[PDB]
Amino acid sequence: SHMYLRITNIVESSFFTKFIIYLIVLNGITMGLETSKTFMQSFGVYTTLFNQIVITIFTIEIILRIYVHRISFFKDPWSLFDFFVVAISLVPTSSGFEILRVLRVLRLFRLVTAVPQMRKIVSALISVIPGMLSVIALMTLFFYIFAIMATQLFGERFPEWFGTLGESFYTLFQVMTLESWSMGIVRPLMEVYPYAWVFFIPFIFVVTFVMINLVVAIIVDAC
């Protein structure tokens, strides 16, 4: 435990944290810049290397933290995130699709993990998630039922919006958000199915009512 505690002193050290938070904010500022074609035609490679540096440093740091915690680590939501967020950043710039190449910017999310209050907020938000799964389940069931009916009621003449179980899923979500649901979807639809309003108005009521209730439940049970 000499080398160990010698490390634990660095890892648990203040300098360490602040230093990582420093690279987060420094790297974060560099990715908004590496966004400019112009800037990349100047300080282009600079930013590229600096990004390679930061990631190395972050791998070292992720390793050091594994020593000091080991099993305790792979049971920490926050460390697990930082783990997978750096691994993605590790996948070679080439091969497969550029998703990984873009998901890379997900590292700036470590400024939520590497900073309390942010952790508190995020924790507080998520705390509610579990209490809504009963409703979130009821909803997804509802959506599935209707998406199926819409695919087989309008997918024929309106393939763009309902030709597929998934196309219907997307359209029904757009209707839920109320986004041009009438001018954009139901009016056109009615030019062929005069009673389509019988399918959609009720759908907008249930989904709305639930959403509203879902919130009134949270507010109400507390105070």
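All residue numbers are counted from 1 along the displayed sequence.
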Q | Per the entry, higher mean C-alpha B factor between 143 to 151 and 97 to 105 | A | 97 to 105
Q) Going by the B-factors listed in the PDB entry, is the mean over the C-alpha atoms higher for 193 to 201 or for 48 to 56? A) 48 to 56
Q: Between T30, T177, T38, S168, let me know which has the highest C-alpha B-factor in the entry?
A: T38
Q. Quick one: which of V128, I71, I136, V122 has the biggest Cα B-factor according to the entry?
A. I71
Q: Name the third of the chain's ranked CA B-factors that contains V186, choosing lowest, middle or highest.
A: lowest
Q: Name the third of the chain's ranked CA B-factors that contains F158, choosing lowest, middle or highest.
A: lowest
Q) With respect to C-alpha B-factor, does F173 fall in the lowest, middle or highest third of the chain as deposited? A) lowest
Q) In terms of the chain's CA B-factor thirds, is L23 lowest, middle or highest? A) highest
